[PDB]
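Participant: Let me give you the structure first, and then I'll get to my questions.
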Amino acid sequence: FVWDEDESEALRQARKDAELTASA
Amino acid sequence: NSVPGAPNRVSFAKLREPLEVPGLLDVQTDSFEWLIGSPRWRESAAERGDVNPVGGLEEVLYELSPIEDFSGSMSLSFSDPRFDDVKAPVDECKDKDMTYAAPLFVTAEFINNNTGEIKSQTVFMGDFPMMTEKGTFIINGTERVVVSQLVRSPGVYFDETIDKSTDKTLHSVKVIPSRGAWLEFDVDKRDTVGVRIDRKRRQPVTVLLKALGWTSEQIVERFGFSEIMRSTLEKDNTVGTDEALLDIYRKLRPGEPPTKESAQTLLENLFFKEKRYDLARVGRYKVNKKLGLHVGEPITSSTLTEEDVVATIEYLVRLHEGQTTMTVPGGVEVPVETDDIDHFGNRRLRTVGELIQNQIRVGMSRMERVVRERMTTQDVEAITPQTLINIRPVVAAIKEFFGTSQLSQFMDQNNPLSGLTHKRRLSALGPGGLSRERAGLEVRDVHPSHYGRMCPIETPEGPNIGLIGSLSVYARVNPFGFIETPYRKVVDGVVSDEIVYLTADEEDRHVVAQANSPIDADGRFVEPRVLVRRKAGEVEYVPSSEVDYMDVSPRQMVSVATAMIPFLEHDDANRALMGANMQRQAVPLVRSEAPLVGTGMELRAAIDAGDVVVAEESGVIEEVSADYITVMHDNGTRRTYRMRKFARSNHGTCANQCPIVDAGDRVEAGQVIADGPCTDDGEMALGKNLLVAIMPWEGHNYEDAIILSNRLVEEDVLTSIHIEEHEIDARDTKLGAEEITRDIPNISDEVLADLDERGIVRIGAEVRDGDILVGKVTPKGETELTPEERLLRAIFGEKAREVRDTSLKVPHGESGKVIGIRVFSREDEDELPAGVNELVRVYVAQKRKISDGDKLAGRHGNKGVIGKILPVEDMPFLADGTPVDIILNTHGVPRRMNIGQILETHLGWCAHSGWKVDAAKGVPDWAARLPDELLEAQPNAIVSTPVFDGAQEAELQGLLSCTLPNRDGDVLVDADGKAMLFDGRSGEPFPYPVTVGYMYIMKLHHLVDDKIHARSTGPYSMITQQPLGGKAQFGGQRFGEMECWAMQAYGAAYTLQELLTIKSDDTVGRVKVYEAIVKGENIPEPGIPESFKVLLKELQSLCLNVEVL
């Protein structure tokens, strides 16, 4: 349970923005 | 004192000075002195410990060598870096604009692995700038200085924080090396750890620990005391080495297939591979010290060994448990506490040595990855050591540092002290450090550790307060970059003389005594208790048994520029700071008279400033002349000194120099021979002593204004010299080549009565505003003249020409003789920039008198412009007929808390008249202490008053009742120190006695001739039609925003629009108004400007149809 925080909430946005940029 | 031929300046001090001031310029020379590696530093850092020394360059090569390619079939090695002798001496290098350097040679050797060769070849690395004897560098003829830089030192920093949600204590750590990776060991609001190495979101301590090769049992064994990590191990969810090693690798990349490389190669290529992660020789020391590692060891390495890490880990857990001490197997027990980032024990000073070493390294890291790349694709067995060494990148990097680097600054030299204090400066801003807008007001505040290392008084007033400071007097730079300070260790209340330089770290642990304590002839603290400075920084009070150290003397906190203010302990910090900052701005006068009452730092800061020609070896004068001197040493060979006369400084002042000895005088090593710009008899003299009164005179000195007497103008008492340098160049253009010639297009014949037959003016010509200095002419090209002009040339029988009259004319408001003329030419081997056939420079001198508008200032930060200069006959004159020289106002003294400037005014009178204590039967109570042999002093006698140990409020009052009469026995200044002035204008005497004295004031470099500007119509920028100016261009004033707000608040629409339209941009408006003015018609009413028929086009370019309705 050493999962820190905000890793999922940040990665989902990073991946979404990367997908958008690749869509461009 | 301790100087062969210094003047006799009586002192008011009471204590001794066990240690004498160091080599103020040491921080630059003895600091450089380590990249070259001269034997001087060899012995210096070989006699005081330092088992094995290695120069600055050697420490780079020995980290570069041996060059090894990935094939492992050959190797290159460097060694033995040595320097030849300089090519051209300083003076010549300063004249011909060539950089002052010397050749660098490094023995290089290549060896093959197949069979191997022993090819050794001395490779010429290039030119290397050397440090002059004064501590400055000469680059392209300009004298520049490198400024040390404050930077937090690589190592381990702990800290603690409080969360607002639950309000607990969370203790974080961090390990910051030079050129590596960061791994904070956070401790969240909840548990358990913050292992988030290299800033990847987190990790659990048991992951990295186990991945280091640790069984899950050893963790609970060592780190179980210390149970908070139990939860970390429980919730780690990973069992085994690779089971979490590949997880670390995931969090690192992420998103890649785990392997055996991604598991062990990475970890062994981020902390234990000493080529990508290496904490400099300092960090390897601050870590051992902080933790209790090999500290007793000659240890030399840069790999973050596993052990250290584990230690800090438990350290962290021990902190957020509540404890004081910490120990480790085989390690010396250390105390546990959160470190402070601003404490001067964690903030090192990269001097001029490490900055050059860093540039050399960054260059090698370009010249290195050019051999191993041309080492495989070359003809093997056909390569020689020199065939691989492409040195050029290194010389390019060096030249790119000494230029365009924001830490190599033009030596600010308008007087000796400004030059001396430009060195010794430490700026926390610049490359590799924090910025000026991204650093909160925490690095600016003064820390209780600055005492003895950085002066708190001296600092700029602009947006740099605290970011740029200056070293202290007695301080000294450690071998790593930490600033030391000397203390005297007292053992059992017996003050000894064992001086010991303490750093900032090992000072808090001990107890420091006070400078002025009642020692009784042995070193015993007469009284039972003593003031102290305990670890934390507070000012406690203790018995005379715990005191182990004591300052060597007061004024340790004070810098050099500050240690020259008399009665500093009577001025406020603001005014003292302004006074310390307004001395490096003074100008060198023509007479350079010494100050009547100063401190001991006058004589000992001029001989070190490097502008006083100091006799080298004790000899005897043989011949002197305004140009040079010759000394005949006792052993044959003589030595001739060449003093520089009327040389221009960097800011336009005069660098004059004149001998102070006769043709028979005997001189000893160290004695002064030639005065300097602001020196007098070999000691700082920045201004003149003037008779000053403290009354307000009929409103001419109102709110800091000052009035003077004409005597200061008639008798050249504040006349200064200024030398400006104009320059022009003749290049090759598209139509041809510009020619500097006497011939010129349509021009008179009275504007050529001073140019020599070949253009440039003749030395000695009294030029003025608008005249011509260099005759230049450029090809016109080709055009077509309208009728009116062709019918005009025909009349005057002067066929047109194809040249433009673009000469070099003196700017506005500048005059004075022409001193020197320098000329370089491409046709004469005089190297110059690309596309430049000739380049001429002309020096113009000018003697400026004092004039209303020129700023003045005393030592105590009091300043003001000169508002009125009364004739010598209407000025409050003493009962004898002597007119006061300056008349300062009263209302400025009280509310600024600088009553210091009053005390020296009183004393200034005493030392001018001369006293004799009437104690011919018994020394009066007031003056039974201070010195002996100071109970009488001949009139016009020099004195001194150290910063925090000088005269006393109860001593002046005793020295003010003995003010021997001038010529006829008549005391002019009564006991209180006030005379009875007569009003020179009305005739009758003033009804109340006025304070008068002798004050030492200086003329600052803010003359009106520099500030005064104006512009009727000049040049305009081409892209944006707003006015624009330069050297000889007016420039145009800036009507900002708040001015427009004020204009609108007045309701003045026409004035605002005029300032916005027909004075900035509207090209069809400026000319149409100028024509009207010159013709005498009415100024056309301002319509809608033409800058509105461009917004419509810029919009329509977006398919926006905007129509005016």
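For neighbour counting, all protein chains shown are included, and Cβ atoms are generated from backbone atoms with ideal geometry for every residue, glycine included. FYI, it's all coordinate maths here, none of it is from the lab.
Participant: If you bin every alpha carbon distance in the stretch B:326-444 into 5 Å steps from zero, what whole percent lands in each bin?
Facilitator: P(r) for the stretch B:326-444, in whole percents per bin: 2, 8, 11, 12, 12, 11, 10, 9, 8, 8, 5, 2, 0.
Participant: In addition: Which of B:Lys1072, B:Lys1079 comes first, and how do the rest follow, when ranked by fewest Cβ neighbours within 10 Å?
Facilitator: B:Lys1079, B:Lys1072
Participant: Can you run phi through the Karplus equation (6.51, -1.76, 1.60; θ = phi - 60°) for the stretch B:440-452 and list ³J(HN,Hα) in whole Hz, with x for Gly and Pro?
Facilitator: x, 7, 10, 6, 7, 4, 7, 9, x, 8, 4, 5, x
Participant: Ok, one more. Could you list log10 I(q)/I(0) for the stretch B:367-407 at q = 0.13, 0.25 Å⁻¹, which the Debye formula gives when each Cα is one point scatterer?
Facilitator: Those come out to -0.39, -0.81, one per q.
Participant: Another question about this same structure. Roughly speaking, what is the centre-to-centre gap between the stretch B:1-33 and the stretch B:1042-1109 when only Cα atoms are used, to the nearest Å?
Facilitator: Between the Cα centre of the stretch B:1-33 and that of the stretch B:1042-1109, the gap is 66 Å.
Participant: OK, next. If you place +1 on the Cβ of every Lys and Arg, -1 on the Cβ of every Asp and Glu, and leave all else neutral, what size is the dipole of chain B about its Cα centre, to the nearest 20 Debye?
Facilitator: Here the size comes out at about 2280 debye.
Participant: Mind listing the long-range amide H neighbours of B:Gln846? Cut-off is under 5 Å, sequence gap 5 or more, other chains count too, H placed in the peptide plane at 1.01 Å from N.
Facilitator: For B:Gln846, the qualifying residues are B:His722.
Participant: Can you give me the long-range amide H partners of B:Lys119? Hydrogens built in the peptide plane at 1.01 Å from N, cutoff under 5 Å, separation of 5 or more residues or another chain.
Facilitator: The list, which skips near neighbours in sequence, is B:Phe110.
Participant: If you split all Cα-Cα distances of the stretch B:948-996 into 10 Å bins from zero, what percentages do you get per bin, shortest first?
Facilitator: 23, 40, 27, 9, 1
Participant: Using +1 at the Cβ of each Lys and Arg and -1 at the Cβ of each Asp and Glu in chain B, identify which of B:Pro1027, B:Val590, B:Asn346 lies farthest towards the dipole's positive end.
Facilitator: Most positive-ward Cα: B:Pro1027.
Participant: Out of residues 5 or more away from B:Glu739 or on other chains, whose amide H comes under 5 Å of its own, with H placed 1.01 Å from N in the peptide plane?
Facilitator: Hits under the 5 Å cutoff: B:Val777.
Participant: Can you give the Rg/Rh ratio of the stretch B:600-658, where Rg is from the C-alpha atoms and Rh is the Kirkwood radius?
Facilitator: 1.04
Participant: On to the next question. Along the principal axes of its C-alpha atoms, what lengths does the protein assembly as shown span, in descending order and rounded to whole Å?
Facilitator: Principal-axis extents of the Cα atoms in the protein assembly as shown, largest first: 105, 102, 82 Å.
Participant: Using the beta-carbon distance between B:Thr338 and B:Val539 and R0 = 25 Å, what value does 1/(1 + (r/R0)^6) give for FRET efficiency, to the nearest 0.05?
Facilitator: 0.65
Participant: Now for a different question. Mind computing the radius of gyration and Dmax over the alpha-carbon atoms of the stretch B:607-713? Å is fine for both.
Facilitator: Considering the stretch B:607-713 through its Cα atoms, Rg and Dmax are 19.7, 68 Å.
Participant: Find which of B:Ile673, A:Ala24, B:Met684 sits farthest along the positive direction of the dipole of the protein assembly as shown, computed with +1 on the beta-carbon of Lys and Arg, -1 on that of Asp and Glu, about the Cα centre.
Facilitator: The residue sitting most towards the positive pole is A:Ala24.
Participant: Can you give the Rg/Rh ratio of the stretch B:154-198, where Rg is from the C-alpha atoms and Rh is the Kirkwood radius?
Facilitator: Dividing the radius of gyration by the Kirkwood radius yields 1.05.
Participant: So which of B:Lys688/B:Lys847; B:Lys847/B:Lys1011; B:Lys96/B:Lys1031; B:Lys251/B:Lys290; B:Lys817/B:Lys1031; B:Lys688/B:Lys916 end up more than 22 Å apart, counting from Cα to Cα?
Facilitator: Violating the 22 Å Cα-Cα cut-off are B:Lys96/B:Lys1031; B:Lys251/B:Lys290; B:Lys688/B:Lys916.
Participant: Moving on. Computed on alpha carbon atoms, what radius of gyration and Dmax characterise the stretch B:1-92, expressed in Å?
Facilitator: Values for the stretch B:1-92 (Cα only, Rg and Dmax): 22.1, 76 Å.
Participant: What area, in nm² and to one decimal, does the C-alpha convex hull of the stretch B:255-332 cast on average over all directions?
Facilitator: Across all orientations, the stretch B:255-332 yields a mean hull projection of 7.2 nm².
Participant: If I model a spin label at B:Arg731 and B:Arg801 as a point 7 Å from the Cα along the Cα→Cβ vector, what separation in nanometres do I get?
Facilitator: Label at B:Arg731, label at B:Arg801, 2.3 nm between them.
Participant: Then there's this: Scanning chain B for chymotrypsin sites (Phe, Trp or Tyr not before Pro) in DSSP loops with at most 14 other Cβ atoms within 10 Å, what's the longest stretch left with none?
Facilitator: B:273-645
Participant: Here's something else I'd like to know. Give the average, rounded to an integer, of partner chain Cβ atoms located within 10 angstrom of each Cβ in B:189-196.
Facilitator: Per residue, the average neighbour count from other chains is 2.
Participant: For the stretch B:506-562, just say rounded, prolate or oblate: build the C-alpha gyration tensor, square-root its eigenvalues into a ≥ b ≥ c, call rounded for a/c under 1.5, and beyond that prolate if a/b exceeds b/c, oblate if not.
Facilitator: Since a/c reaches 1.5 but b/c is at least a/b, the shape of the stretch B:506-562 is classed as oblate.
Participant: Shape of the stretch B:207-347 from its Cα gyration tensor (a ≥ b ≥ c, root eigenvalues): rounded if a/c is under 1.5, otherwise prolate when a/b > b/c, or oblate?
Facilitator: oblate
Participant: If you wrap the stretch B:1018-1071's Cα atoms in a convex hull and average its projection over all directions, what's the area in nm²?
Facilitator: 4.2 nm²
Participant: Work out the charge dipole of the stretch B:346-396 with +1 on the Cβ of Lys and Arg and -1 on the Cβ of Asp and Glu about the Cα centre, then indicate which of B:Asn358, B:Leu388, B:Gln378 is farthest towards its positive end.
Facilitator: B:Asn358
Participant: Within 10 Å of each candidate Cβ there may be at most 14 other Cβ atoms; applying that plus a DSSP loop requirement, which trypsin sites (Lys or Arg not before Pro) in the stretch B:8-58 survive?
Facilitator: Those that pass, being in a loop and sparsely packed, are B:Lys14, B:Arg16, B:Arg48.
Participant: Which percent of Cα-Cα pairs in the stretch B:837-942 sits in each 5 Å bin, short to long?
Facilitator: Taking all Cα pairs of the stretch B:837-942, the binned fractions are 2, 8, 12, 13, 15, 13, 11, 8, 6, 4, 3, 2, 1, 1, 0, 0, 0 percent.
Participant: What net charge is computed for the residues neighbouring B:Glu484, neighbours being all others with C-beta under 11 Å from the C-beta of B:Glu484, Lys and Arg scored +1, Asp and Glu -1?
Facilitator: -1
Participant: Follow-up question, since we're still on this one. Would you work out the charge dipole size for the stretch B:1-87 about its Cα centre, treating the Cβ of every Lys and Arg as +1 and the Cβ of every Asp and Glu as -1, and quote it to the nearest 20 debye?
Facilitator: Taking the Cα centre of the stretch B:1-87 as origin, the dipole is about 740 debye.
Participant: Can you give the charge dipole size of the protein assembly as shown about its Cα centre, rounded to the nearest 20 debye, using +1 on the beta carbon of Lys and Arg and -1 on the beta carbon of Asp and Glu?
Facilitator: 1840 debye
Participant: Would you give the gap between the C-alpha center of the stretch B:408-468 and the C-alpha center of the stretch B:716-738, rounded to a whole Å?
Facilitator: A separation of 34 Å, based on Cα centres.
Participant: Provide the descending list of Cα extents for the stretch B:440-495 along its principal axes, expressed in whole angstroms.
Facilitator: Principal extents (Cα only, largest first): 47, 25, 19 Å.
Participant: Sticking with this one: Hey, which of these cross-link pairs are over 23 Å Cα-Cα: B:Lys94/B:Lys855; B:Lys168/B:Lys289; B:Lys164/B:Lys210; B:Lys868/B:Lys1003?
Facilitator: Exceeds cut-off: B:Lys94/B:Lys855; B:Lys168/B:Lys289; B:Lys164/B:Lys210.
Participant: Moving on. May I have the convex hull volume per residue, in Å³, for the Cα set of the stretch B:514-666?
Facilitator: Dividing the Cα hull volume of the stretch B:514-666 by its residue count gives 225 Å³.
Participant: Okay, next question. Taking every Cα atom in the stretch B:467-511, find the radius of gyration and the maximum pairwise distance Dmax, and write them in Å.
Facilitator: Both quantities, over Cα of the stretch B:467-511: 12.5, 41 Å.
Participant: Rule-of-thumb check for the stretch B:893-972: C-alpha Rg over 2.2 N^0.38 Å?
Facilitator: 1.15
Participant: Would you work out if the stretch B:1001-1049 is rounded, prolate or oblate? Take a ≥ b ≥ c from the square roots of the eigenvalues of the alpha-carbon gyration tensor; rounded if a/c is under 1.5, else prolate when a/b is larger than b/c, oblate otherwise.
Facilitator: Oblate is the answer for the stretch B:1001-1049, as a/c is 1.5 or above yet b/c matches or exceeds a/b.
Participant: Where Rh denotes the Kirkwood radius from the mean inverse Cα pair distance, what is Rg over Rh for the stretch B:822-893?
Facilitator: Here Rg/Rh amounts to 1.39.
Participant: Using a Förster radius of 51 Å, what is the FRET efficiency between B:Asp749 and B:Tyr1054 based on their Cβ-Cβ separation? Nearest 0.05, please.
Facilitator: The computed FRET efficiency comes out at 0.60.
Participant: Out of all Cα-Cα pairs in the stretch B:155-252, roughly what percent, to the nearest whole number, are more than 18 Å apart?
Facilitator: Above the 18 Å cut-off, the stretch B:155-252 has 50 percent of its Cα pairs.
Participant: Right, next: What are the principal axis extents of the Cα atoms in the stretch B:974-1074, in Å, biggest first?
Facilitator: Result for the stretch B:974-1074: principal-axis Cα extents of 73, 37, 25 Å.
Participant: When the Debye formula is applied to the Cα atoms of the stretch B:1-156, each taken as the same point scatterer, what base-10 log of I(q)/I(0) results at q = 0.10, 0.17, 0.20 Å⁻¹?
Facilitator: -0.60, -1.17, -1.29
Participant: Averaging over all projection directions, find the projected area of the Cα convex hull of chain B and quote it in nm² with one decimal place.
Facilitator: That works out to 66.0 nm², a quarter of the Cα hull's surface.
Participant: Please list, in order along the stretch B:710-719, the HN-Hα scalar couplings obtained from phi with the Karplus expression 6.51 cos²θ - 1.76 cosθ + 1.60 (θ = phi - 60°), rounded to whole Hz, x for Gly and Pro.
Facilitator: With the stated coefficients, the stretch B:710-719 comes to 5, 4, 5, 9, 5, 8, 6, 8, 9, 6 Hz.
Participant: For the stretch B:238-247, in order, what is each residue's ³J(HN,Hα) by Karplus, 6.51 cos²θ - 1.76 cosθ + 1.60 with θ = phi - 60°, in whole Hz (x at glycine and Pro)?
Facilitator: 10, 10, x, 8, 6, 4, 10, 5, 5, 6
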